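File shown: entry-v7.cif (mmCIF, N, CA and C atoms and all ligand atoms).
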```cif
data_work
loop_
_atom_site.label_atom_id
_atom_site.label_comp_id
_atom_site.auth_asym_id
_atom_site.auth_seq_id
_atom_site.Cartn_x
_atom_site.Cartn_y
_atom_site.Cartn_z
N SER D 1 85.20 103.57 99.54
CA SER D 1 86.40 103.45 100.40
C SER D 1 87.61 104.09 99.72
N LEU D 2 88.15 105.13 100.35
CA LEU D 2 89.38 105.75 99.87
C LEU D 2 90.56 105.26 100.70
N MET D 3 90.44 105.40 102.03
CA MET D 3 91.51 105.02 102.95
C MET D 3 90.92 104.58 104.29
N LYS D 4 91.44 103.48 104.81
CA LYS D 4 91.14 103.05 106.17
C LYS D 4 92.20 103.58 107.13
N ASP D 5 91.77 104.04 108.30
CA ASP D 5 92.70 104.54 109.32
C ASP D 5 93.21 103.38 110.16
N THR D 6 94.29 102.77 109.70
CA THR D 6 94.86 101.61 110.35
C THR D 6 95.68 102.03 111.56
N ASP D 7 95.20 101.68 112.75
CA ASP D 7 95.81 102.12 113.99
C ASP D 7 96.76 101.05 114.53
N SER D 8 98.00 101.08 114.00
CA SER D 8 99.10 100.15 114.33
C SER D 8 98.70 98.66 114.16
N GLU D 9 99.47 97.77 114.79
CA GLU D 9 99.13 96.34 114.82
C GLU D 9 98.05 96.04 115.87
N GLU D 10 97.78 96.99 116.77
CA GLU D 10 96.83 96.79 117.88
C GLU D 10 95.38 96.74 117.40
N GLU D 11 95.07 97.52 116.35
CA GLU D 11 93.76 97.47 115.70
C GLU D 11 93.61 96.15 114.93
N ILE D 12 94.74 95.63 114.45
CA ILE D 12 94.78 94.39 113.68
C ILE D 12 94.69 93.17 114.61
N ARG D 13 95.10 93.34 115.88
CA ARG D 13 94.94 92.30 116.91
C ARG D 13 93.47 92.09 117.25
N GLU D 14 92.74 93.21 117.32
CA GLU D 14 91.30 93.19 117.55
C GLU D 14 90.56 92.67 116.32
N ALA D 15 91.04 93.03 115.13
CA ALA D 15 90.46 92.55 113.88
C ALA D 15 90.67 91.04 113.72
N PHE D 16 91.84 90.56 114.15
CA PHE D 16 92.23 89.16 114.05
C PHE D 16 91.33 88.25 114.90
N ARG D 17 90.90 88.74 116.07
CA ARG D 17 90.08 87.94 116.97
C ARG D 17 88.59 87.92 116.56
N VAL D 18 88.17 88.83 115.66
CA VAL D 18 86.84 88.75 115.06
C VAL D 18 86.88 87.72 113.96
N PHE D 19 87.88 87.88 113.10
CA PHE D 19 88.03 87.08 111.90
C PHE D 19 88.36 85.61 112.22
N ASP D 20 88.98 85.38 113.37
CA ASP D 20 89.14 84.03 113.91
C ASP D 20 88.01 83.74 114.90
N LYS D 21 87.04 82.97 114.43
CA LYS D 21 85.87 82.60 115.21
C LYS D 21 86.12 81.48 116.22
N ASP D 22 87.06 80.58 115.94
CA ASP D 22 87.27 79.39 116.79
C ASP D 22 88.35 79.60 117.87
N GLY D 23 89.12 80.68 117.74
CA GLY D 23 90.15 81.04 118.70
C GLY D 23 91.40 80.15 118.67
N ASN D 24 91.86 79.72 117.48
CA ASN D 24 93.06 78.88 117.40
C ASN D 24 94.30 79.68 116.98
N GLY D 25 94.09 80.86 116.40
CA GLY D 25 95.20 81.69 115.96
C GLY D 25 95.50 81.54 114.48
N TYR D 26 94.57 80.93 113.75
CA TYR D 26 94.65 80.76 112.31
C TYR D 26 93.29 81.04 111.68
N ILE D 27 93.25 81.87 110.66
CA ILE D 27 92.00 82.17 109.97
C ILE D 27 91.85 81.26 108.75
N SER D 28 90.89 80.36 108.84
CA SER D 28 90.59 79.44 107.75
C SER D 28 89.53 80.05 106.82
N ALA D 29 89.24 79.35 105.72
CA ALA D 29 88.23 79.80 104.75
C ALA D 29 86.81 79.77 105.33
N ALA D 30 86.58 78.87 106.29
CA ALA D 30 85.29 78.77 106.98
C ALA D 30 85.04 79.99 107.88
N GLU D 31 86.12 80.54 108.42
CA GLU D 31 86.05 81.64 109.38
C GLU D 31 85.92 82.98 108.68
N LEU D 32 86.71 83.17 107.62
CA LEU D 32 86.66 84.40 106.83
C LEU D 32 85.30 84.56 106.16
N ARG D 33 84.75 83.43 105.68
CA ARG D 33 83.42 83.38 105.06
C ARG D 33 82.34 83.79 106.05
N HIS D 34 82.44 83.25 107.27
CA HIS D 34 81.45 83.48 108.33
C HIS D 34 81.44 84.95 108.76
N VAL D 35 82.63 85.53 108.91
CA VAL D 35 82.76 86.91 109.39
C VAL D 35 82.39 87.92 108.29
N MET D 36 82.60 87.57 107.02
CA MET D 36 82.13 88.40 105.90
C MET D 36 80.61 88.47 105.88
N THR D 37 79.95 87.34 106.19
CA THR D 37 78.48 87.27 106.25
C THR D 37 77.95 88.08 107.46
N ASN D 38 78.76 88.13 108.52
CA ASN D 38 78.47 88.95 109.70
C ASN D 38 78.69 90.45 109.43
N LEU D 39 79.43 90.77 108.37
CA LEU D 39 79.63 92.15 107.94
C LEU D 39 78.52 92.57 106.96
N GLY D 40 77.79 91.58 106.44
CA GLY D 40 76.66 91.85 105.57
C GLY D 40 76.87 91.36 104.15
N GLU D 41 78.03 90.78 103.86
CA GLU D 41 78.37 90.38 102.50
C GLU D 41 78.46 88.87 102.41
N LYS D 42 77.85 88.32 101.40
CA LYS D 42 77.77 86.89 101.27
C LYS D 42 78.75 86.43 100.21
N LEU D 43 79.84 85.85 100.68
CA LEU D 43 80.93 85.45 99.81
C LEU D 43 80.94 83.94 99.65
N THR D 44 81.06 83.48 98.41
CA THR D 44 81.01 82.05 98.09
C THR D 44 82.36 81.37 98.34
N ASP D 45 82.37 80.04 98.16
CA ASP D 45 83.55 79.18 98.42
C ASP D 45 84.78 79.65 97.65
N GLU D 46 84.57 79.95 96.36
CA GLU D 46 85.64 80.35 95.45
C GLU D 46 86.18 81.74 95.80
N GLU D 47 85.28 82.66 96.18
CA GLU D 47 85.64 84.05 96.47
C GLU D 47 86.42 84.18 97.78
N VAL D 48 86.05 83.37 98.78
CA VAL D 48 86.75 83.35 100.06
C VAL D 48 88.12 82.68 99.90
N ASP D 49 88.19 81.66 99.03
CA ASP D 49 89.44 80.97 98.74
C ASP D 49 90.45 81.91 98.05
N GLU D 50 89.94 82.81 97.19
CA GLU D 50 90.76 83.86 96.57
C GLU D 50 91.35 84.80 97.62
N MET D 51 90.57 85.12 98.66
CA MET D 51 91.00 86.04 99.72
C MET D 51 91.95 85.36 100.71
N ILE D 52 91.80 84.04 100.91
CA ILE D 52 92.68 83.27 101.79
C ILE D 52 94.08 83.17 101.17
N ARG D 53 94.15 82.86 99.87
CA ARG D 53 95.43 82.72 99.17
C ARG D 53 96.10 84.10 98.94
N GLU D 54 95.27 85.15 98.97
CA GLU D 54 95.72 86.53 98.87
C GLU D 54 96.38 86.99 100.19
N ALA D 55 95.79 86.58 101.32
CA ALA D 55 96.22 87.04 102.64
C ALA D 55 97.35 86.19 103.22
N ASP D 56 97.37 84.91 102.85
CA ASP D 56 98.31 83.96 103.41
C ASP D 56 99.66 84.06 102.70
N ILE D 57 100.67 84.40 103.48
CA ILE D 57 102.01 84.67 102.97
C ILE D 57 102.77 83.36 102.67
N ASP D 58 102.62 82.35 103.53
CA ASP D 58 103.42 81.13 103.43
C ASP D 58 102.76 80.03 102.56
N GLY D 59 101.48 80.21 102.23
CA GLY D 59 100.73 79.23 101.43
C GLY D 59 100.41 77.91 102.16
N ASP D 60 99.95 77.99 103.41
CA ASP D 60 99.52 76.80 104.15
C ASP D 60 97.99 76.68 104.18
N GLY D 61 97.31 77.78 103.83
CA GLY D 61 95.85 77.79 103.78
C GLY D 61 95.20 78.40 105.01
N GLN D 62 95.99 78.72 106.04
CA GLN D 62 95.46 79.33 107.25
C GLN D 62 96.30 80.54 107.65
N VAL D 63 95.62 81.63 107.92
CA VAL D 63 96.23 82.94 108.07
C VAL D 63 96.42 83.27 109.55
N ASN D 64 97.65 83.12 110.05
CA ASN D 64 97.95 83.47 111.43
C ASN D 64 98.29 84.97 111.56
N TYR D 65 98.79 85.39 112.73
CA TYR D 65 98.86 86.81 113.12
C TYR D 65 99.65 87.68 112.13
N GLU D 66 100.91 87.33 111.89
CA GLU D 66 101.80 88.10 111.01
C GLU D 66 101.31 88.17 109.56
N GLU D 67 100.68 87.09 109.12
CA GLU D 67 100.14 86.95 107.78
C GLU D 67 98.94 87.88 107.57
N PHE D 68 98.14 88.02 108.63
CA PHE D 68 96.99 88.89 108.62
C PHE D 68 97.42 90.36 108.69
N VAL D 69 98.44 90.66 109.51
CA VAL D 69 98.91 92.04 109.72
C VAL D 69 99.51 92.63 108.45
N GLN D 70 100.42 91.90 107.81
CA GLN D 70 101.11 92.38 106.60
C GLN D 70 100.14 92.66 105.47
N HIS D 71 99.11 91.83 105.38
CA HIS D 71 98.11 91.99 104.35
C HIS D 71 97.17 93.16 104.66
N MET D 72 96.75 93.28 105.92
CA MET D 72 95.78 94.31 106.35
C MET D 72 96.35 95.72 106.26
N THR D 73 97.60 95.89 106.69
CA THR D 73 98.22 97.21 106.79
C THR D 73 98.73 97.72 105.44
N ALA D 74 99.10 96.81 104.54
CA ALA D 74 99.61 97.19 103.22
C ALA D 74 98.47 97.39 102.20
N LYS D 75 97.28 96.88 102.53
CA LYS D 75 96.13 96.96 101.63
C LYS D 75 95.15 98.03 102.11
CA CA W 101 90.50 79.98 113.70
CA CA W 102 99.83 80.65 106.49
#
```

So that I can check it, write out the structure of this file as structure tokens.
Ligand SMILES: [Ca+2]
Ligand SMILES: [Ca+2]
Amino acid sequence: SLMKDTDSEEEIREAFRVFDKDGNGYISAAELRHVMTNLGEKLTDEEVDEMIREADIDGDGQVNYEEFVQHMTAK
């Protein structure tokens, strides 16, 4: 991976609804773990927790829309 072609926030809206499996508008550690396994990668409790605290801007433990966008587009 050199560069992902990030197509505005609209591509991130579609990405957000995959990564949120329950449809509440917050990505928890259970959801990010599940969707990583659906991508083919098996991530453990500790590794997903590292990615949740990495993506979550406010430190509540659940990654809503703005928190997911800022992390996705800058990374
Ligand atoms: Ca959710
Ligand atoms: Ca949060």

For each of D:54, D:67, D:49, D:31, take the minimum atom-to-atom distance to ligand CA 101 (chain W), counting only N, CA and C atoms and all ligand atoms, then give the residue where this is smallest.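 Selected residue with least distance to ligand CA 101 (chain W): D:31.
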
Neighbours of ligand CA 102 (chain W) at 6.5 Å or closer, counting only N, CA and C atoms and all ligand atoms: which residues, as a count of residues only? 10

May I ask you to write as a ChimeraX atom specification all residues lying at most 6.5 Å from ligand CA 101 (chain W), with all atoms listed in the file counted? /D:19-28,31

Proximity to residue 68 (chain D) - best of D:42, D:12, D:7, D:48, all atoms listed in the file: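 Nearest candidate to residue 68 (chain D) out of D:42, D:12, D:7, D:48: D:12.
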
Suppose you want the space between atom N of residue 70 (chain D) and CA of residue 45 (chain D); what is it in Å? 23.1 Å

Which distance in Å separates atom C of residue 2 (chain D) and atom C of residue 29 (chain D), to one decimal? 26.2 Å

In Å, rounded to a single decimal, give me how far atom C of residue 50 (chain D) is from atom N of residue 14 (chain D).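 Atom-to-atom, atom N of residue 14 (chain D) to atom C of residue 50 (chain D), that is 21.5 Å.
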
Using all atoms listed in the file for the distances, tell me which of D:55, D:66, D:34, D:75 is nearest to residue 3 (chain D).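 Closest candidate: D:75.
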
Quick check for you: according to DSSP on this backbone, which residues of chain D are classed as helix (DSSP H, G or I)? Reply as an MDAnalysis selection string. chainID D and resid 10:19 29:39 45:55 65:74

Around all the atoms of region 2-21 of chain D listed in the file, draw an axis-aligned box and extend it by 8 Å on each of the six sides; I want its centre and edge lengths in Å to one decimal, as lines of an AutoDock Vina configuration file.
```
center_x = 92.7
center_y = 93.6
center_z = 108.9
size_x = 29.6
size_y = 40.3
size_z = 34.0
```

Neighbouring residues of residue 5 (chain D) were defined as those with any atom within 12 Å, considering only C-alpha atoms; residues of the same chain fewer than 4 positions away were excluded. Please report them as a list in words.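 Non-adjacent residues within range: residues 1, 9, 11, 12, 72, 73, 74 and 75 of chain D.
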
Counting all atoms listed in the file, find residues at most 6.5 Å from (82.3, 88.7, 114.1) (file frame) and give them as an NGL selection string. :D and (18-19 or 35 or 38)

Shortest interatomic distance to residue 69 (chain D) - which of D:52, D:40, D:8, D:46, counting all atoms listed in the file: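 Selected residue with least distance to residue 69 (chain D): D:8.
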